[PDB]
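What's in my_file04.csv: CSV, C-alpha atoms and all ligand atoms
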```csv
chain,number,residue,atom,x,y,z
J,24,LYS,CA,-14.5,-149.5,-40.1
J,25,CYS,CA,-12.5,-151.8,-42.4
J,26,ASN,CA,-14.8,-153.9,-44.5
J,27,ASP,CA,-14.9,-155.6,-47.9
J,28,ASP,CA,-15.8,-153.4,-50.9
J,29,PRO,CA,-18.7,-155.2,-52.6
J,30,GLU,CA,-17.6,-153.7,-56.0
J,31,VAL,CA,-14.3,-155.5,-55.7
J,32,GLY,CA,-15.9,-158.8,-54.7
J,33,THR,CA,-13.4,-159.8,-52.0
J,34,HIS,CA,-15.0,-161.7,-49.1
J,35,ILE,CA,-12.4,-161.5,-46.3
J,36,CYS,CA,-14.9,-160.0,-43.8
J,37,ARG,CA,-17.8,-162.3,-44.8
J,38,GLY,CA,-19.4,-163.8,-41.7
J,39,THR,CA,-17.3,-161.9,-39.1
J,48,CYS,CA,-18.3,-155.9,-63.5
J,49,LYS,CA,-15.1,-156.9,-61.7
J,50,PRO,CA,-11.8,-155.1,-61.1
J,51,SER,CA,-9.4,-155.2,-64.1
J,52,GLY,CA,-6.4,-155.3,-61.8
J,53,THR,CA,-4.5,-152.9,-59.4
J,54,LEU,CA,-2.4,-149.8,-58.9
J,55,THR,CA,-0.3,-149.5,-55.8
J,56,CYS,CA,-0.2,-146.1,-54.1
J,57,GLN,CA,0.8,-145.2,-50.5
J,58,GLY,CA,1.6,-148.8,-49.7
J,59,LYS,CA,-2.0,-149.6,-50.7
J,60,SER,CA,-3.3,-151.6,-53.7
J,61,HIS,CA,-6.2,-149.9,-55.4
J,62,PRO,CA,-8.4,-151.9,-57.8
J,63,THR,CA,-8.7,-150.6,-61.4
J,64,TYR,CA,-11.8,-151.0,-63.5
J,65,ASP,CA,-12.7,-150.6,-67.2
J,66,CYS,CA,-16.4,-151.1,-66.3
J,67,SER,CA,-19.1,-149.9,-63.9
J,68,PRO,CA,-22.4,-151.4,-62.6
J,69,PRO,CA,-25.4,-151.4,-64.9
J,70,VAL,CA,-27.0,-147.9,-65.5
J,71,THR,CA,-30.7,-148.1,-64.4
J,72,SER,CA,-33.5,-145.7,-63.6
J,73,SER,CA,-32.1,-145.9,-60.1
J,74,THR,CA,-28.4,-146.4,-60.2
J,75,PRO,CA,-26.7,-146.8,-56.8
J,76,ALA,CA,-23.6,-144.8,-56.5
J,77,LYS,CA,-21.1,-142.9,-54.2
J,78,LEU,CA,-20.9,-139.1,-54.5
J,79,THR,CA,-17.6,-137.5,-54.0
J,80,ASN,CA,-16.4,-133.9,-54.4
J,81,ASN,CA,-14.2,-132.6,-57.3
J,82,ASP,CA,-12.8,-129.2,-58.2
J,83,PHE,CA,-13.4,-128.6,-61.9
J,84,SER,CA,-11.9,-125.2,-62.0
J,85,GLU,CA,-8.7,-123.8,-63.5
J,86,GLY,CA,-7.3,-123.4,-59.9
J,87,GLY,CA,-8.0,-127.0,-58.7
J,88,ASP,CA,-7.0,-130.5,-57.9
J,89,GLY,CA,-8.7,-132.1,-60.9
J,90,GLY,CA,-5.7,-132.2,-63.2
J,91,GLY,CA,-6.6,-131.4,-66.8
J,92,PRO,CA,-9.7,-129.7,-68.3
J,93,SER,CA,-12.9,-131.7,-68.3
J,94,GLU,CA,-12.9,-134.5,-71.0
J,95,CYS,CA,-16.3,-133.7,-72.5
J,96,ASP,CA,-15.7,-130.1,-73.7
J,97,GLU,CA,-12.0,-129.8,-73.1
J,98,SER,CA,-12.7,-126.9,-70.7
J,99,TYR,CA,-12.5,-125.9,-67.1
J,100,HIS,CA,-15.7,-125.1,-65.2
J,101,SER,CA,-16.8,-123.0,-62.2
J,102,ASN,CA,-17.7,-125.2,-59.2
J,103,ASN,CA,-21.0,-123.2,-58.9
J,104,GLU,CA,-22.0,-125.1,-62.0
J,105,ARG,CA,-24.0,-128.3,-61.2
J,106,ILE,CA,-21.6,-130.7,-63.0
J,107,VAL,CA,-20.3,-134.2,-62.4
J,108,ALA,CA,-17.6,-136.6,-63.5
J,109,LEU,CA,-18.5,-140.3,-63.8
J,110,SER,CA,-16.5,-143.5,-63.3
J,111,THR,CA,-14.9,-144.8,-66.5
J,112,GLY,CA,-17.6,-147.4,-67.1
J,113,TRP,CA,-20.4,-144.9,-66.8
J,114,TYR,CA,-18.5,-142.3,-68.7
J,115,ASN,CA,-18.5,-144.9,-71.4
J,116,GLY,CA,-16.0,-143.1,-73.8
J,117,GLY,CA,-18.0,-139.9,-73.6
J,118,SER,CA,-21.5,-141.2,-74.5
J,119,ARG,CA,-23.2,-139.2,-71.6
J,120,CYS,CA,-21.1,-136.0,-72.2
J,121,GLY,CA,-23.3,-132.9,-72.0
J,122,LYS,CA,-26.4,-134.7,-70.8
J,123,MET,CA,-28.2,-134.1,-67.5
J,124,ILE,CA,-28.5,-136.7,-64.8
J,125,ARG,CA,-30.7,-136.6,-61.8
J,126,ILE,CA,-29.1,-137.4,-58.4
J,127,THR,CA,-31.1,-138.3,-55.4
J,128,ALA,CA,-29.6,-138.3,-51.9
J,129,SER,CA,-30.4,-140.2,-48.6
J,130,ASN,CA,-32.3,-137.1,-47.3
J,131,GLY,CA,-34.7,-137.4,-50.2
J,132,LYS,CA,-33.3,-134.3,-52.0
J,133,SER,CA,-32.6,-134.3,-55.7
J,134,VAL,CA,-30.6,-132.2,-58.1
J,135,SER,CA,-29.9,-132.3,-61.8
J,136,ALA,CA,-26.3,-132.0,-63.0
J,137,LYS,CA,-24.5,-132.1,-66.3
J,138,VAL,CA,-21.9,-134.8,-67.1
J,139,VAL,CA,-18.6,-133.0,-68.1
J,140,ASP,CA,-15.8,-135.4,-67.2
J,141,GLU,CA,-14.5,-138.9,-66.4
J,142,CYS,CA,-13.5,-140.1,-63.0
J,143,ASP,CA,-10.7,-142.3,-64.4
J,144,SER,CA,-10.7,-145.8,-62.8
J,145,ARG,CA,-7.9,-147.1,-65.1
J,146,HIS,CA,-5.1,-144.8,-64.2
J,147,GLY,CA,-3.6,-143.2,-61.1
J,148,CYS,CA,-1.0,-143.3,-58.4
J,149,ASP,CA,1.5,-141.4,-60.6
J,150,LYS,CA,2.7,-137.8,-61.3
J,151,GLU,CA,0.0,-137.0,-63.9
J,152,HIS,CA,-2.6,-137.7,-61.2
J,153,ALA,CA,-0.5,-136.2,-58.3
J,154,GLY,CA,-0.3,-139.6,-56.5
J,155,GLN,CA,-4.1,-139.8,-56.3
J,156,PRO,CA,-5.5,-143.4,-56.6
J,157,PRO,CA,-7.5,-144.4,-59.5
J,158,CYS,CA,-11.2,-143.6,-59.2
J,159,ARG,CA,-13.6,-146.4,-57.9
J,160,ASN,CA,-16.1,-147.9,-60.4
J,161,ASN,CA,-19.3,-146.5,-59.0
J,162,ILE,CA,-18.5,-142.8,-58.5
J,163,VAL,CA,-20.4,-139.6,-59.3
J,164,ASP,CA,-17.8,-136.9,-58.6
J,165,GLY,CA,-19.8,-133.7,-58.2
J,166,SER,CA,-19.0,-130.0,-57.9
J,167,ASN,CA,-19.6,-128.0,-54.7
J,168,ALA,CA,-22.9,-126.8,-56.2
J,169,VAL,CA,-24.1,-130.4,-56.5
J,170,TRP,CA,-23.3,-131.0,-52.8
J,171,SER,CA,-24.9,-127.8,-51.5
J,172,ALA,CA,-28.0,-128.4,-53.7
J,173,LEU,CA,-28.6,-131.8,-52.0
J,174,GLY,CA,-28.1,-130.1,-48.6
J,175,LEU,CA,-24.9,-132.1,-47.9
J,176,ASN,CA,-21.6,-131.1,-46.3
J,177,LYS,CA,-18.8,-132.1,-48.6
J,178,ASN,CA,-16.5,-132.5,-45.6
J,179,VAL,CA,-17.9,-136.0,-45.0
J,180,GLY,CA,-16.2,-136.7,-48.4
J,181,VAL,CA,-18.5,-139.5,-49.6
J,182,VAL,CA,-22.2,-140.2,-49.4
J,183,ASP,CA,-24.6,-142.8,-50.9
J,184,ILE,CA,-26.8,-141.7,-53.8
J,185,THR,CA,-28.8,-143.0,-56.7
J,186,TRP,CA,-28.9,-141.5,-60.1
J,187,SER,CA,-30.4,-141.8,-63.5
J,188,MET,CA,-30.4,-139.9,-66.8
J,189,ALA,CA,-32.7,-136.9,-66.8
J,201,CL,CL,-35.2,-149.7,-65.5
```
Using structure tokens, write down the structure from this file.
Amino acid sequence: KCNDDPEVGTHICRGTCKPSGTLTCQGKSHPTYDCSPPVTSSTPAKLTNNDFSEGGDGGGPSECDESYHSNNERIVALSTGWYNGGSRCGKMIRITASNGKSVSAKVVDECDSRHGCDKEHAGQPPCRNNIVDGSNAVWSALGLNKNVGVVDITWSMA
């Protein structure tokens, strides 16, 4: 249902790193961020699905190596804050899902939480601030159906 996003810090539904601002999309204001929550040994996050390939929705090549990737690679993009100007590029993280399954994946790109809602991004909103955007291989390795679109995970460097 419709609830407050705790990363945004609204409290409109109460009792019933902060956003940098907003970008307005399909009549909806999306928060922008230059930051993400603290990276820990067990960093809570949302896993979404991204097409990293030449024939895909992901826009340009991946930031880290300026290349496209097969979606059978275990690879992720990270929200701007976590991407941190490329400091985690080429490194492995370990993702753990709610079913207790785990997978390692290589950071190859940024899930950009500063920009969006325009022609360069196809009218897609800016990324949220707590996102690990994984390939199909990441999803199937955790035993998850990418059709649910988003799941809770934790991650850390590996
Ligand atoms: Cl720690």
10 Å shell around ligand CL 201 (chain J) using all atoms listed in the file, listed as a count of residues only: 7
Gap from CA of residue 168 in chain J to CA of residue 106 in chain J - Å, one decimal: 7.9 Å
Within 10 Å of residue 172 in chain J using only C-alpha atoms, minus same-chain residues under 4 positions, as a short mmCIF file (atom, residue, chain, number, x, y, z; two decimals) with C-alpha atoms, in the frame of the given file:
```cif
data_model
loop_
_atom_site.label_atom_id
_atom_site.label_comp_id
_atom_site.auth_asym_id
_atom_site.auth_seq_id
_atom_site.Cartn_x
_atom_site.Cartn_y
_atom_site.Cartn_z
CA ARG J 105 -24.00 -128.30 -61.20
CA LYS J 132 -33.30 -134.30 -52.00
CA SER J 133 -32.60 -134.30 -55.70
CA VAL J 134 -30.60 -132.20 -58.10
CA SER J 135 -29.90 -132.30 -61.80
CA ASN J 167 -19.60 -128.00 -54.70
CA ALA J 168 -22.90 -126.80 -56.20
#
```
Each residue of range 50-72 of chain J with at least one atom at most 7 Å from range 154-162 of chain J should appear once, together with its nearest atom pair and the corresponding distance in Å (one decimal); atoms considered: only C-alpha atoms; ordering: chain, then increasing residue number; output as JSON lines.
```
{"residue": "J:56", "atom": "CA", "partner": "J:156", "partner_atom": "CA", "distance": 6.5}
{"residue": "J:61", "atom": "CA", "partner": "J:156", "partner_atom": "CA", "distance": 6.6}
{"residue": "J:63", "atom": "CA", "partner": "J:157", "partner_atom": "CA", "distance": 6.6}
{"residue": "J:64", "atom": "CA", "partner": "J:160", "partner_atom": "CA", "distance": 6.1}
{"residue": "J:66", "atom": "CA", "partner": "J:160", "partner_atom": "CA", "distance": 6.7}
{"residue": "J:67", "atom": "CA", "partner": "J:160", "partner_atom": "CA", "distance": 5.0}
{"residue": "J:68", "atom": "CA", "partner": "J:161", "partner_atom": "CA", "distance": 6.8}
```
Contacts of residue 99 in chain J within 7 Å, only C-alpha atoms, excl. fewer than 2 positions in-chain, as a ChimeraX atom specification: /J:83-85,92-93
CA of residue 101 in chain J to CA of residue 87 in chain J, straight-line distance in Å: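 CA of residue 101 in chain J lies at a distance of 10.3 Å from CA of residue 87 in chain J.
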Separation of CA of residue 104 in chain J from CA of residue 153 in chain J in Å: 24.5 Å
Of the listed residues J:49, J:77, J:24, J:59, that which approaches residue 148 in chain J most closely, counting all atoms listed in the file: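 Nearest to residue 148 in chain J: J:59.
Residue nearest residue 177 in chain J, chosen from J:143, J:82, J:88, J:94 and counting only C-alpha atoms: J:82.
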Distance criterion (all atoms listed in the file): nearest to residue 178 in chain J out of J:86, J:111, J:131, J:78: J:78
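Using all atoms listed in the file, the shortest contact distance between residue 103 in chain J and any of J:136, J:175, J:37, J:29 is found at J:136.
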Counting all atoms listed in the file, the residue of J:142, J:169, J:54, J:76 that sits nearest residue 184 in chain J: J:76
For residue 48 in chain J, the nearest of the candidates J:25, J:65, J:186, J:100, counting all atoms listed in the file: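 Of all the options, J:65 lies closest to residue 48 in chain J.
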